[PDB]
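Trainee: Below is the structure, and that's it, no one-letter string:
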Ligand code: SF4
C-alpha cells in the first residue's frame, strides 16, 4: 500500500489519503490500464456474468 | 354488487372469447371492423409509454415499478422522456398552483389517444394536503383523469394492477366498429 | 448442454397434455412451471406451490379456465 | 435529473451556463400552516412526507 | 436518358436556385446541385473516384459550414409554394419528353469513359485510379501537394487570426 | 452506377409512400393553439429562442475541413504505392503524416480547445 | 442504468422490512414520541441479518463496476469544487460538508 | 367551421381565394361562440323566454371581402410574397370539383369542411328581421371580432420571409361595417 | 443474359431492403430482452408468445398515433428529415460485400465514408425544422459529435485499406483466408467500436438524442410516424456497423453461417455497452476525438505505411 | 457548334450564378452561397477540360483544395463580422 497524505486519527476514515505512486511498475500498470482499458474489461465481464443470474420479476398477477 | 360464478356454473359456461366485443357480428362489414378494432386495441394495449411526470413522494413507487421486482417493460411499458413520444401520463404527487399550468401544457402537447392515470391520493383528490391554499384539490380540475390508483403511495403491485386495468380499457375501446354506425 | 434439463422439459410438456396443452398454458400464463396442487378453489382456480423456486415464484395460481 | 420538480431558468452562451436561477417552490404544499392546525400526533406523518426518500 | 435528364434536373434546380431567397432554401438547393454535379462529372470521367472525393469534401464537410452559419433560420420556417414546385414539375416534364426526342448520340458528350476506350489499349487494363493519380506523388510534380498541405496549415493559422477577434 | 441510381429512386419512392400511408392511417384531431407550441418542459417558451451564433462550433468544423481535405490528399496512396517510385512515395507520404503530428503536438502546447470561453 | 437497477433490487428487500414492522412500504408512522409505535415481529431480526449478509456483495458489485470507471471518474471528478470556508458560510452540512474536509458530524 | 374553413389549405387555390361575386355581393354578421353559449344558458335559466325565437347576430355586419382581407392581414398573409388574390368562384370551375371530389373521397368529415353545402352557406347572405328578438333581449354583451378574432387566428399567422421585412408592419387595420343605405347601394 | 443481370440486381436490393427493415424492427426486441437481463429484469415476455411480436405491436401504436405536427407551415420540412435519414441508413447497405455479385461496387470504402458523412444533414435539418431550443441544442451537439469522429474514422480506414492493398472491400476476405484480422489489429478494434458507436450515437457517446440532459435531443419534437422512421433508421445504422465490424475484423465469410452468428454477437456487444457505460462530457469527448484518436490513427498510418514498404521490399 | 452543344450548359449556369451574385439580398450569405454554386460550375468546366486530358485529371484536387479555402475565408470574415457589430447585415454597409 502507498502511504497516506493526511495523518488520520480514529473515528474517521479518509477516502483519498492514499497516494498515487510514481514507481515505474505503478505508472506502467496505470498506463497499460488506459492503453487496453483493463478497468472497462473488468466491468464488461461483470455484466456478461450477471446475465447468468435469474431475474427476480414476480409473474404478476399469477 | 355482483359476485363470481361458482364452480359448476363455470363448467356450463364456454370460453369467454378473446375480443371483448365477442363474435356475434352479423354481416361481413361488422365482422371485418370487429377484427380491425381488435388489432388496433392490441397494438395500443401491448405497447404503452408513460411520460414519467412523477412530482414527488409518489414518484418513488413510479420508479420501483420500473425496478426489477414487478418489471413493467415486461408488459410492454417504457418510459419515453419526450411527451411527443409518450402515450400515457402517470400524474403522481401533488399539483401545486405553480404546477397546474405546467401539467395542462404537458398534457395537451402530448398527442392522443392519451390516457392519464392519477396515482396516489395527492393527485386523486389532493390527498393529505386537500385543504391547502396552494394545492389543486385533485387533478380532475386540470385534466381528464382515466384511472385512479388509490394509495399513499399505492404499493407497486397496486400501480401496475391499475396499468393492466388501463390495458383492459384500451382493449375494449370501440372506434372502427362503431364508426360504422356513426 | 442439456444436463438433465431437457428431461424436466419433457415432464412438464408431456404431462401437460401434448403440444396443444403446453402451448395454451404457456400462451396464457407466459410461463410454464411445475408444482403441486395445494388446493382447488371454490371458483375453479387451482393453487400450486413449489419450494424449488424463490419467494416471488414460491406460490402461484392458474385462474379458472372459463376466464379465457 | 430535475427531480420532476426543479425549474432552473438558465441563461447560456454557446453551451455553458452563465446565470442559473433555480425556482424552488414548484412543490410547496403549505405544510407549515397545516401542521399548525392539526395535533402533534396528527401532525406526525407530515414529517415522513417531507424528504420522502 | 440519364445524361440529358441530368442536365434537365440541373437546369430546373438552377431556376429554383435563382428564385429562392431563404438561406436554408438556398443551402438546400446547393445540396441537390452537388449530388447532380457529382453524378454528371462521374459519367464523363474514367470512373467515379473524383466524384466520391469532392462529394465528401465539398458537400460532406464544407457545406456543413454554410448550412450551420446560415442557421439564422430567418427566425421562421419556410412558406413553401406549391406553384414553383408545379412549374418545376411542369418544366421538368416537357424538357424530359424533349430529352426522349433529342438525338440519342449527338446530344451526348464525346469524352472517353473507361468503356469507351479501345480494346487494344494496354494501359486501360490497370486499376482505374492507378495511372491517373500517378504523378500527384511521383516527382517532380508532387511538391505541389506539399504546398497544398502547408496552404491548409496556413489556412488554419489564418482562421484563428480572423475568428479570434477578442473572443 | 445507374443501377444504383434507380434502386435509390425506388427506395425513396417506397419510403415516401410508407410515410404518406402512415399520414392517412393516423387519426386526425382538431388543432389546438397550444398543442403546436415548442416543448420547453411545460413552461412557456421564451423569446424567439434562435440560439446565438457567437460560438466555436464553426471553428471545430473548420478544423474538420482542413483535416477533411488532408484526408483527401492521402486517400490515393493505397493504389499508387504499387506504381510510384518508392523514394518519392516513401518520403512524400512520410512528411505528410509527420507534419500532421507536429501540427497536432505543437497545437496541444497551444491547447486551443481549452478556450477561456 | 445498470447500477440503478441492481441497487433498486436491494431497495425492495429493505422496504419489505419497513412493511414487516410498520405495515406500509414507505411512509410508516413507526417512530412516535414515546418511542416506536409498535413492537417488532419475531424473526425480523434474522431476516435483517441475511440481508446485511448479502449487501456487501451487492454494493461491491456496483462499487467495482462504477467507482473506478474512467467515464464516471472524469464525468464527476473536479466538478463544483466546494472550499471549506465557502462551505461553512453558506450553511452546509452532511456528506457535502464532511466531504469538503470538515470533520463534523451530528452523530 | 367558420375560421378553419377560411384558413384551411384546400379552401385556398394556389394563392387565390375564390369567392362568390368576389365576395363583394355578400353580407355576413357572424357572432362569437361563447356569446351564443352564454345566451343559451341565460335563456335556459329563464323560463319566460319559452316559446320565443332569437336571431343571434353580432354587433356589426360586414362584407366578406372586408373580412377575408382583414383575416389575411391578421395572418400576415399580405406583406410581399405570399400574394393574396381574390377570384370569382364562378370564373374558376375548379373549386366545385375540389368540393365534389373531397366529399366523395373522405370517409369522415371532408377535409376542411369543403363539401358543397359549406360553399352555399358562405354564398348565402345573413337576413335579420325586426320583431324577432335578439341577444340584447337575452341580456348578452357581444364581444366583437375586433376584440376576439386577432388572438383567434394568431396560431395561423405565417409567412415571415427572409427576403422581406416583418414586425414593423402595422397592426392589421380593422374592416369597415356596412350600413342600411350602403347595403341598398350594394343590392341597388 | 443481360436483362437477367438487371432483374436479379433489383430483386436482391428489394429483398435485402425488406429483410434489413424487418430485422432491425425485430432486433429492437433483442435490445429490450438483452438489456432486461443485463439489469436483473426479465425483459418483455408478455405479448404474443414471449414478447416476440412486441416490435410489430410498437409500430401499430405509432402509425395509429396522430402526427402532432409542429407550428402551422412546417409540414413538409418536418416531414422531410425522417425520409432523408432512413434512406441513408438503408441505402448504405448496397455497398456491403458479397461473393455472390450484388454489385461490382468499387471504392466501397469511399462510399462508406460518404454515407456515414451524410447523417449530419439529416439530424441538423431535423432539429432546425422542429424549432425548439431543446431540439436545436441536440442537433448542434449531435452535429459536433458526428463531424468530429469522421476525422478519425477516415484515417482508421486507411490502415485496413493499406493492409489489404485496394479500396475494394472484397479483398478483406482474401487477406483473412488464413487467420482473422482482429488478432493483428486489436487496438484498432476497440477504437473502431468507439468510432462506430459514436456514429450511431449510442452511449457512452449519447449526446445527440440522449436523455436526462436533453429531453430527446433533436427527437424531442417528433410525432409518431416521423419518430418511427428515425428510430428504425438508427437501428438500421447500428446493424450495418455491426456488419462492417464483422467483415473487417472477423473473417468476412459472407457464405458461412458463422458470419451471421458474428453479426448477432457484435450487435449484442453494442447493447452490452448500452447497459454498462456512463456518458461522456462534451469537451472530454472532443479531447478523445482529436487529442487521442487522431494521434492514434496517424501513428498506425505511419506504422503500417512503413510495414507495407518493407513488405513490398520483400516481394 | 461544339461549344453550343457541349460547353453551353456550363456557360448558362455560370452566368446565372454571377447575376445572383450581384442581386439584392438581406445579408451577404446569399452572395457567398451564390459564388459557391459558381464554384461547382467552375469545377464542371474544369473537369470536362481535364477529361480531355489523359492524366492531367488529378488537377481537380488543386482546384478543390483552393476553392474550399475561399469558402472558409468567406465564412471566416462574415462570422467575425456578426461578432463585431452584433450583425453582418447589408444595412450596416
Ligand atoms: S399521495 Fe401519499 S405517496 Fe403520493 S405524494 Fe401524496 S403523500 Fe406522497
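Mentor: Cool, got the structure. Numbering: from 1, shown residues only, chains lettered A, B, ... in the order given.
Trainee: you'd agree residue J:36 is up against residue J:68?
Mentor: No: counting by Cβ atoms under 8 Å, residue J:36 sits too far from residue J:68 to count as a contact (9.9 Å). C-beta here means a position set from N, CA and C on the backbone, and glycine is covered the same way.
Trainee: Give me the nearest residue to residue J:73, chain neighbours excluded.
Mentor: Nearest residue to residue J:73, sequence neighbours excluded (Cβ to Cβ, 6 or more residues apart in numbering or on different chains): residue E:158, at 6.9 Å.
Trainee: residues from chain F in reach of chain E?
Mentor: F:1-2, F:5, F:48, F:50, F:53-54, F:57-59, F:61-66, F:68-70, F:72-73, F:75-77, F:79-80, F:82-85, F:88-89, F:92-93, F:95-96, F:99, F:103, F:112, F:117 (Cβ under 8 Å from any Cβ of the partner chain).
Trainee: From those residues, keep the buried residues only.
Mentor: By neighbour count, with 16 or more other Cβ atoms under 10 Å in any protein chain shown, the residues of chain F next to chain E hold F:57-59, F:61-66, F:68-70, F:72-73, F:75-77, F:79-80, F:84, F:89, F:92-93, F:96, F:103 as buried.
Trainee: circling back to that earlier point, so which of the residues of chain F next to chain E are in helices?
Mentor: Residues from the residues of chain F next to chain E lying in helices, with DSSP state H as the criterion: F:2, F:5, F:57-59, F:61-66, F:68-70, F:72-73, F:77, F:79-80, F:88-89, F:92-93, F:95-96, F:99, F:103.
Trainee: Without its sequence neighbours, what residue ends up closest to whichever residue of chain A sits closest to chain C?
Mentor: Using Cβ to the nearest Cβ, residue A:58 is the residue of chain A that sits closest to chain C, at 4.2 Å. Closest residue to residue A:58 apart from its sequence neighbours, by Cβ to Cβ, 6+ apart: residue C:56 at 4.2 Å.
Trainee: in a strand, that's where residue H:18 is, yeah?
Mentor: Yes: according to DSSP: H, G, I helix; E, B strand; the rest coil, the state of residue H:18 is that of a strand.
Trainee: which residues touch it?
Mentor: Going by Cβ atoms under 8 Å, 6 or more residues apart in numbering or on different chains, residue H:18 touches H:86, H:87, H:88, H:89, H:91, H:92, H:95.
Trainee: Secondary structure element holding the last one?
Mentor: This means residue H:95. Assessed by DSSP states H and E, residue H:95 sits inside helix H:94-105.
Trainee: Please report how far residue B:143 lies from residue B:123.
Mentor: Per Cβ to Cβ, to the nearest Å, residue B:143 is found 10 Å from residue B:123.
Trainee: Check the burial of residue 26 by counting its neighbours.
Mentor: Here I'm looking at chain A. Using other Cβ atoms under 10 Å in any protein chain shown, the number of residues around residue A:26 comes to 13.
Trainee: Correction: the question concerned chain H.
Mentor: For residue H:26, using other Cβ under 10 Å, the count is 20.
Trainee: Which residues of chain E lie near chain I?
Mentor: Contact residues (Cβ under 8 Å from any Cβ) of chain E with chain I: E:24, E:28, E:31, E:47-49, E:52-53, E:55-56, E:60-61, E:64, E:67-68, E:71, E:73, E:77-80, E:127-128.
Trainee: Quick check, central residue of the chain?
Mentor: Unless you meant another one, I'm taking chain A. residue A:39 (7.4 Å; Cα atoms, centre = their mean).
Trainee: you looked at the wrong chain, it should be chain F
Mentor: The centre of chain F sits closest to residue F:61, judged by Cα atoms, centre = their mean, with a distance of 8.4 Å.
Trainee: dump the residue contacts of that one.
Mentor: Applying Cβ under 8 Å, 6+ apart, the residues contacting residue F:61 are E:61, E:64, E:65, E:68, I:147.
Trainee: Let's see which of these end up in helices.
Mentor: E:64, E:65, E:68, I:147.
Trainee: if we look at chain D, which of those are close to it?
Mentor: By Cβ under 8 Å from any Cβ, no member of the ones in helices among the contacts of residue F:61 lies near chain D.
Trainee: Would you list the phi and psi of residue C:46?
Mentor: Main-chain torsions, residue C:46, degrees, to the nearest 10: phi -140, psi 130.
Trainee: what about residue F:27, distance to residue E:78?
Mentor: To residue E:78, residue F:27 is 27 Å away according to Cβ to Cβ.
Trainee: Out of the two, name the residue with the larger neighbour count.
Mentor: residue E:78 (21 against 15).
Trainee: show me the contacts for the closest residue to the more buried one other than its chain neighbours.
Mentor: Distances taken as Cβ to Cβ, 6+ apart put residue I:77 closest to residue E:78, at 5.7 Å, once the chain neighbours are dropped. When contacts are counted by Cβ under 8 Å, 6+ apart, residue I:77 touches E:77, E:78, E:80, I:125, I:128, I:129.
Trainee: Using a markdown table, lay out those residues together with secondary structure.
Mentor: Below are these laid out as a markdown table (three-state DSSP):
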| residue | secondary structure |
| --- | --- |
| E:77 | coil |
| E:78 | coil |
| E:80 | coil |
| I:125 | helix |
| I:128 | helix |
| I:129 | helix |
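Trainee: most neighbours, which of the residues you listed?
Mentor: Of all the contacts of residue I:77, residue I:129 has the most neighbours under the rule other Cβ under 10 Å, reaching 28 neighbours.
Trainee: That one: what's it in contact with?
Mentor: E:77, I:70, I:74, I:77, I:78, I:80, I:81.
Trainee: now do 7 Å
Mentor: Residues in contact with residue I:129 (Cβ atoms under 7 Å, 6 or more residues apart in numbering or on different chains) are E:77, I:74, I:77, I:78, I:81.
Trainee: CSV for those, including secondary structure?
Mentor: Below are these laid out as CSV (three-state DSSP):
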residue, secondary structure
E:77, coil
I:74, helix
I:77, helix
I:78, helix
I:81, helix
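Trainee: Name the nearest of those residues relative to residue C:22.
Mentor: When these are compared for distance to residue C:22 (Cβ to Cβ), residue I:81 wins out at 47.9 Å.
Trainee: Make sure the closest one is actually in contact with residue I:124.
Mentor: No: proximity of residue I:81 to residue I:124 does not meet the contact threshold set by Cβ atoms under 7 Å, at 8.9 Å.
Trainee: which SS class is the nearest residue to residue B:139 once chain neighbours are set aside?
Mentor: Distance criterion Cβ to Cβ, 6+ apart; nearest residue to residue B:139, sequence neighbours excluded, is residue B:123 at 4.6 Å. The three-state assignment at residue B:123 reads helix, by three-state DSSP.
Trainee: quick one, what contacts the closest residue to chain D within chain E?
Mentor: Chain D sits closest to residue E:167 of chain E, with a gap of 10.0 Å, by Cβ to the nearest Cβ. When contacts are counted by Cβ under 7 Å, 6+ apart, residue E:167 touches residue J:83.
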